[PDB]
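> Enclosed is the structure file start_8.pdb (PDB, C-alpha atoms and all ligand atoms).
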ATOM      1  CA  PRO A  43      98.304 160.152  54.956
ATOM      2  CA  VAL A  44     101.889 159.889  56.387
ATOM      3  CA  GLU A  45     105.433 159.240  55.278
ATOM      4  CA  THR A  46     107.112 155.985  56.039
ATOM      5  CA  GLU A  47     110.429 157.287  57.591
ATOM      6  CA  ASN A  48     110.445 157.052  61.435
ATOM      7  CA  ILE A  49     112.056 160.461  62.238
ATOM      8  CA  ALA A  50     112.289 159.696  65.981
ATOM      9  CA  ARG A  51     114.944 156.977  65.493
ATOM     10  CA  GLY A  52     118.228 157.848  67.057
ATOM     11  CA  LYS A  53     117.109 161.283  68.324
ATOM     12  CA  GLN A  54     117.772 162.747  71.727
ATOM     13  CA  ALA A  55     115.341 161.471  74.384
ATOM     14  CA  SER A  56     114.798 162.111  78.020
ATOM     15  CA  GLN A  57     112.320 161.248  80.778
ATOM     16  CA  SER A  58     111.273 162.291  84.276
ATOM     17  CA  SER A  59     113.539 159.788  86.065
ATOM     18  CA  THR A  60     115.271 156.499  85.305
ATOM     19  CA  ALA A  61     114.896 153.185  87.151
ATOM     20  CA  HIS A  62     116.027 149.599  86.533
ATOM     21  CA  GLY A  63     118.520 150.801  83.884
ATOM     22  CA  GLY A  64     115.628 151.744  81.522
ATOM     23  CA  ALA A  65     117.308 154.567  79.627
ATOM     24  CA  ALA A  66     115.010 157.013  77.774
ATOM     25  CA  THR A  67     116.947 156.281  74.511
ATOM     26  CA  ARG A  68     115.585 152.729  74.499
ATOM     27  CA  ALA A  69     112.302 154.053  73.052
ATOM     28  CA  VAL A  70     114.129 155.453  70.002
ATOM     29  CA  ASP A  71     116.685 152.675  69.345
ATOM     30  CA  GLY A  72     114.945 151.131  66.452
ATOM     31  CA  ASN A  73     113.811 148.019  68.248
ATOM     32  CA  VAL A  74     110.215 147.474  69.253
ATOM     33  CA  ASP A  75     110.876 144.320  71.261
ATOM     34  CA  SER A  76     108.566 144.668  74.223
ATOM     35  CA  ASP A  77     110.224 142.349  76.734
ATOM     36  CA  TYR A  78     112.005 144.477  79.404
ATOM     37  CA  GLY A  79     114.658 141.721  79.688
ATOM     38  CA  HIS A  80     115.778 142.282  76.113
ATOM     39  CA  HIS A  81     116.889 145.875  77.112
ATOM     40  CA  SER A  82     114.888 147.893  74.590
ATOM     41  CA  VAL A  83     112.144 149.223  76.941
ATOM     42  CA  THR A  84     112.375 152.411  79.027
ATOM     43  CA  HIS A  85     111.505 152.747  82.770
ATOM     44  CA  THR A  86     111.103 155.716  85.028
ATOM     45  CA  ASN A  87     110.803 155.594  88.820
ATOM     46  CA  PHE A  88     107.380 154.895  90.369
ATOM     47  CA  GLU A  89     106.352 158.573  90.614
ATOM     48  CA  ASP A  90     103.484 160.935  89.949
ATOM     49  CA  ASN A  91     102.995 162.148  86.457
ATOM     50  CA  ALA A  92     105.957 160.292  84.890
ATOM     51  CA  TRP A  93     106.901 161.475  81.412
ATOM     52  CA  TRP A  94     109.107 160.702  78.414
ATOM     53  CA  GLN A  95     110.082 162.991  75.521
ATOM     54  CA  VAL A  96     111.951 162.907  72.240
ATOM     55  CA  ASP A  97     113.503 165.997  70.612
ATOM     56  CA  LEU A  98     113.150 165.748  66.830
ATOM     57  CA  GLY A  99     115.942 168.291  66.537
ATOM     58  CA  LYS A 100     113.948 170.707  64.337
ATOM     59  CA  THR A 101     110.239 171.518  63.813
ATOM     60  CA  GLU A 102     108.605 168.901  61.651
ATOM     61  CA  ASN A 103     105.096 168.482  60.411
ATOM     62  CA  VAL A 104     103.911 165.502  62.489
ATOM     63  CA  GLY A 105     101.153 163.333  61.271
ATOM     64  CA  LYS A 106     101.456 160.076  63.311
ATOM     65  CA  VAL A 107     103.012 158.966  66.595
ATOM     66  CA  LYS A 108     103.061 155.198  67.299
ATOM     67  CA  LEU A 109     103.547 153.936  70.812
ATOM     68  CA  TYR A 110     104.683 150.360  71.500
ATOM     69  CA  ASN A 111     103.913 149.179  74.977
ATOM     70  CA  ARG A 112     105.890 146.987  77.376
ATOM     71  CA  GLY A 113     104.809 143.349  76.944
ATOM     72  CA  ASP A 114     106.304 141.193  79.690
ATOM     73  CA  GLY A 115     105.632 140.932  83.438
ATOM     74  CA  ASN A 116     101.804 141.537  83.414
ATOM     75  CA  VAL A 117     102.370 145.299  83.884
ATOM     76  CA  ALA A 118     101.163 146.533  80.437
ATOM     77  CA  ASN A 119      98.403 148.358  82.259
ATOM     78  CA  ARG A 120     100.770 150.984  83.556
ATOM     79  CA  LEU A 121     100.430 152.660  80.128
ATOM     80  CA  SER A 122      96.926 153.930  80.836
ATOM     81  CA  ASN A 123      95.408 157.363  81.555
ATOM     82  CA  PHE A 124      98.023 159.360  79.672
ATOM     83  CA  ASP A 125      98.443 162.167  77.192
ATOM     84  CA  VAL A 126     100.476 162.299  73.932
ATOM     85  CA  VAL A 127     101.603 165.879  73.530
ATOM     86  CA  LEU A 128     103.340 167.801  70.740
ATOM     87  CA  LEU A 129     105.394 170.882  71.655
ATOM     88  CA  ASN A 130     106.914 173.612  69.505
ATOM     89  CA  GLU A 131     110.581 174.704  69.636
ATOM     90  CA  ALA A 132     109.731 176.944  72.630
ATOM     91  CA  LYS A 133     108.315 173.903  74.460
ATOM     92  CA  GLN A 134     104.710 175.140  74.321
ATOM     93  CA  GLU A 135     101.891 172.661  73.632
ATOM     94  CA  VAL A 136     100.665 172.677  70.053
ATOM     95  CA  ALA A 137      98.543 169.460  70.313
ATOM     96  CA  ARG A 138      97.392 166.991  73.034
ATOM     97  CA  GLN A 139      95.332 163.731  72.929
ATOM     98  CA  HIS A 140      94.299 161.796  75.946
ATOM     99  CA  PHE A 141      93.948 157.999  76.117
ATOM    100  CA  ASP A 142      92.408 155.837  78.766
ATOM    101  CA  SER A 143      94.162 152.624  77.735
ATOM    102  CA  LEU A 144      95.532 150.679  74.831
ATOM    103  CA  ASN A 145      92.964 147.856  75.645
ATOM    104  CA  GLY A 146      95.471 145.095  75.707
ATOM    105  CA  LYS A 147      96.731 146.023  72.218
ATOM    106  CA  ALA A 148     100.562 146.021  71.944
ATOM    107  CA  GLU A 149     100.588 149.344  70.119
ATOM    108  CA  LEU A 150      98.675 152.648  69.769
ATOM    109  CA  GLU A 151      98.612 154.800  66.631
ATOM    110  CA  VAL A 152      97.977 158.466  67.348
ATOM    111  CA  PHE A 153      97.165 160.668  64.396
ATOM    112  CA  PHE A 154      97.754 164.474  64.350
ATOM    113  CA  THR A 155      96.331 167.039  61.975
ATOM    114  CA  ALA A 156      99.526 168.173  60.271
ATOM    115  CA  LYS A 157     100.995 169.725  63.347
ATOM    116  CA  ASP A 158     104.385 171.600  63.373
ATOM    117  CA  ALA A 159     106.247 170.430  66.438
ATOM    118  CA  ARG A 160     109.776 169.768  67.610
ATOM    119  CA  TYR A 161     109.086 167.564  70.731
ATOM    120  CA  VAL A 162     106.803 164.496  71.212
ATOM    121  CA  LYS A 163     105.991 163.795  74.894
ATOM    122  CA  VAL A 164     104.101 160.920  76.591
ATOM    123  CA  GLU A 165     102.789 162.014  80.052
ATOM    124  CA  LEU A 166     101.154 159.674  82.583
ATOM    125  CA  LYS A 167      98.398 161.309  84.623
ATOM    126  CA  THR A 168      98.446 158.659  87.388
ATOM    127  CA  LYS A 169     100.048 158.646  90.757
ATOM    128  CA  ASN A 170     102.837 156.385  91.753
ATOM    129  CA  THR A 171     103.253 154.659  88.384
ATOM    130  CA  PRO A 172     106.358 154.218  86.199
ATOM    131  CA  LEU A 173     106.322 154.987  82.494
ATOM    132  CA  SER A 174     107.829 152.243  80.302
ATOM    133  CA  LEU A 175     107.732 152.377  76.446
ATOM    134  CA  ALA A 176     109.234 149.785  74.134
ATOM    135  CA  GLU A 177     109.454 152.293  71.287
ATOM    136  CA  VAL A 178     107.956 155.574  70.074
ATOM    137  CA  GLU A 179     107.971 156.152  66.293
ATOM    138  CA  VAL A 180     107.016 159.475  64.676
ATOM    139  CA  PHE A 181     106.089 160.097  61.034
ATOM    140  CA  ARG A 182     105.699 163.261  58.999
ATOM    141  CA  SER A 183     102.427 164.218  57.266
ATOM    142  CA  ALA A 184     102.626 163.222  53.639
TER     143      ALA A 184
HETATM  144  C1  LIG B   1     110.017 143.679  91.583
HETATM  145  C2  LIG B   1     111.265 144.182  90.886
HETATM  146  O1  LIG B   1     111.352 145.313  90.383
HETATM  147  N1  LIG B   1     112.367 143.304  90.679
HETATM  148  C3  LIG B   1     113.435 143.626  89.734
HETATM  149  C4  LIG B   1     113.491 142.795  88.456
HETATM  150  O2  LIG B   1     112.288 142.568  87.703
HETATM  151  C5  LIG B   1     111.448 141.515  87.999
HETATM  152  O3  LIG B   1     112.137 140.292  87.686
HETATM  153  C6  LIG B   1     111.359 139.053  87.724
HETATM  154  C7  LIG B   1     112.137 137.772  87.602
HETATM  155  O4  LIG B   1     113.070 137.743  88.620
HETATM  156  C8  LIG B   1     110.115 139.214  86.879
HETATM  157  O5  LIG B   1     110.503 139.185  85.552
HETATM  158  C9  LIG B   1     109.293 140.396  87.220
HETATM  159  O6  LIG B   1     108.287 140.491  86.277
HETATM  160  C10 LIG B   1     110.119 141.657  87.215
HETATM  161  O7  LIG B   1     109.463 142.764  87.754
HETATM  162  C11 LIG B   1     108.856 143.606  86.780
HETATM  163  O8  LIG B   1     109.829 144.294  85.966
HETATM  164  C12 LIG B   1     110.639 145.264  86.770
HETATM  165  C13 LIG B   1     111.774 145.672  85.853
HETATM  166  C14 LIG B   1     109.669 146.275  87.351
HETATM  167  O9  LIG B   1     108.922 147.041  86.400
HETATM  168  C15 LIG B   1     108.636 145.669  88.292
HETATM  169  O10 LIG B   1     107.835 146.561  88.924
HETATM  170  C16 LIG B   1     107.922 144.536  87.578
HETATM  171  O11 LIG B   1     106.950 143.759  88.263
HETATM  172  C17 LIG B   1     114.735 142.887  87.573
HETATM  173  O12 LIG B   1     114.857 141.736  86.809
HETATM  174  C18 LIG B   1     115.222 141.839  85.483
HETATM  175  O13 LIG B   1     114.203 142.401  84.606
HETATM  176  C19 LIG B   1     113.086 141.500  84.428
HETATM  177  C20 LIG B   1     111.907 141.999  83.714
HETATM  178  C21 LIG B   1     113.600 140.182  83.850
HETATM  179  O14 LIG B   1     113.890 140.188  82.508
HETATM  180  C22 LIG B   1     114.689 139.507  84.632
HETATM  181  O15 LIG B   1     114.986 138.191  84.318
HETATM  182  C23 LIG B   1     115.805 140.521  84.892
HETATM  183  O16 LIG B   1     117.051 140.101  85.282
HETATM  184  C24 LIG B   1     116.032 143.131  88.350
HETATM  185  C25 LIG B   1     117.290 143.185  87.530
HETATM  186  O17 LIG B   1     117.186 144.247  86.613
HETATM  187  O18 LIG B   1     115.800 144.159  89.271
HETATM  188  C26 LIG B   1     114.838 143.946  90.288
HETATM  189  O19 LIG B   1     114.855 144.897  91.279
HETATM  190 CA    CA B   2     113.108 150.076  71.839
HETATM  191 MG    MG B   3     114.128 136.366  76.337
HETATM  192 MG    MG B   4     120.880 140.644  78.210
HETATM  193 MG    MG B   5     117.187 168.876  73.000
END
Using structure tokens, write down the structure from this file.
Ligand SMILES: CC(=O)N[C@@H]1[C@@H](O[C@@H]2O[C@H](CO)[C@H](O)[C@H](O)[C@H]2O[C@@H]2O[C@@H](C)[C@@H](O)[C@@H](O)[C@@H]2O)[C@H](O[C@@H]2O[C@@H](C)[C@@H](O)[C@@H](O)[C@@H]2O)[C@@H](CO)O[C@H]1O
Ligand SMILES: [Ca+2]
Ligand SMILES: [Mg+2]
Ligand SMILES: [Mg+2]
Ligand SMILES: [Mg+2]

Amino acid sequence: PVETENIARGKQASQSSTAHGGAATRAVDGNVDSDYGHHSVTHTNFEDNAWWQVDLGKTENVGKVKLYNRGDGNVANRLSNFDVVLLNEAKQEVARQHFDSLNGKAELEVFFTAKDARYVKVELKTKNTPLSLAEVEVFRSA
């Protein structure tokens, strides 16, 4: 059971590197359009263990994180073998779930057991692969 407000919208975001103009803030702009050409999808360099993070600004009790994958270019696969991690205000892990793939689905809903965290991080565990997210939405436990 989760609230409906997406508390990641408009928050500070960052990522391991930036390529092709794909600013980290594109995953928290309020627009889940998955076509990279419509400018709302992030992109890091091709690198090992690429990551992306949003700072919620305060510790919140997180119940759901929703990832929206890139959809154009036949490169949706790059979002595979990754972790979704929640960190506290000291940047220590308070929760971690691993996923092998989204299975062609355009989105992934990740549920957390009422976890108090300030940061939400997506981490690829693959070599030489860029991280691109169309949007990451985060909802409080109800
Ligand atoms: C190979 C590469 O990175 N080329 C860049 C380019 O992106 C490619 O553009 C073509 C059409 O010309 C296709 O849409 C390809 O799918 C696309 O390559 C994909 O997307 C890029 C961003 C990378 O992730 C890449 O590895 C991948 O295969 C890019 O073109 C722009 O962005 C694309 C998606 C598209 O909307 C274009 O029409 C657009 O102008 C350009 C300019 O940003 O940069 C190239 O280096
Ligand atoms: Ca977006
Ligand atoms: Mg278009
Ligand atoms: Mg344009
Ligand atoms: Mg910060």
> Name the closest residue to residue A:103 among the candidates A:76, A:171, A:91, A:130; distances are taken between atoms, counting all atoms listed in the file.
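Using all atoms listed in the file, the shortest distance to residue A:103 belongs to A:130.
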> Apply the PyMOL selection byres (((not hetatm)) within 7 of (chain B and resi 5)) to the file shown and report the selected residues as a list in words.
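Against this file, the PyMOL selection byres (((not hetatm)) within 7 of (chain B and resi 5)) returns the residues residues 54, 97 and 99 of chain A.
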> I'd like the interatomic distance between atom CA of ligand CA 2 (chain B) and atom CA of residue A:112, to a tenth of an Å.
9.6 Å
> Can you work out which residues are within 9 Å of ligand MG 3 (chain B), considering only C-alpha atoms and all ligand atoms, and then hand them over as a PyMOL selection string?
chain A and resi 77-80
> Counting all atoms listed in the file, give me one row per residue of chain A with an atom at most 10 Å from an atom of ligand CA 2 (chain B), showing the shortest contact pair and its distance in Å to one decimal, sorted by chain then residue number, as a Markdown table.

| residue | atom | partner | partner_atom | distance |
| --- | --- | --- | --- | --- |
| A:51 | CA | B:CA2 | CA | 9.6 |
| A:65 | CA | B:CA2 | CA | 9.9 |
| A:66 | CA | B:CA2 | CA | 9.3 |
| A:67 | CA | B:CA2 | CA | 7.8 |
| A:68 | CA | B:CA2 | CA | 4.5 |
| A:69 | CA | B:CA2 | CA | 4.2 |
| A:70 | CA | B:CA2 | CA | 5.8 |
| A:71 | CA | B:CA2 | CA | 5.1 |
| A:72 | CA | B:CA2 | CA | 5.8 |
| A:73 | CA | B:CA2 | CA | 4.2 |
| A:74 | CA | B:CA2 | CA | 4.7 |
| A:75 | CA | B:CA2 | CA | 6.2 |
| A:76 | CA | B:CA2 | CA | 7.5 |
| A:77 | CA | B:CA2 | CA | 9.6 |
| A:78 | CA | B:CA2 | CA | 9.5 |
| A:80 | CA | B:CA2 | CA | 9.3 |
| A:81 | CA | B:CA2 | CA | 7.7 |
| A:82 | CA | B:CA2 | CA | 3.9 |
| A:83 | CA | B:CA2 | CA | 5.3 |
| A:84 | CA | B:CA2 | CA | 7.6 |
| A:110 | CA | B:CA2 | CA | 8.4 |
| A:111 | CA | B:CA2 | CA | 9.8 |
| A:112 | CA | B:CA2 | CA | 9.6 |
| A:175 | CA | B:CA2 | CA | 7.4 |
| A:176 | CA | B:CA2 | CA | 4.5 |
| A:177 | CA | B:CA2 | CA | 4.3 |
| A:178 | CA | B:CA2 | CA | 7.7 |
| A:179 | CA | B:CA2 | CA | 9.7 |
> Go through A:134, A:123, A:116, A:101 and flag the residue nearest residue A:160, using only C-alpha atoms for the distances.
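The closest residue to residue A:160 is A:101.
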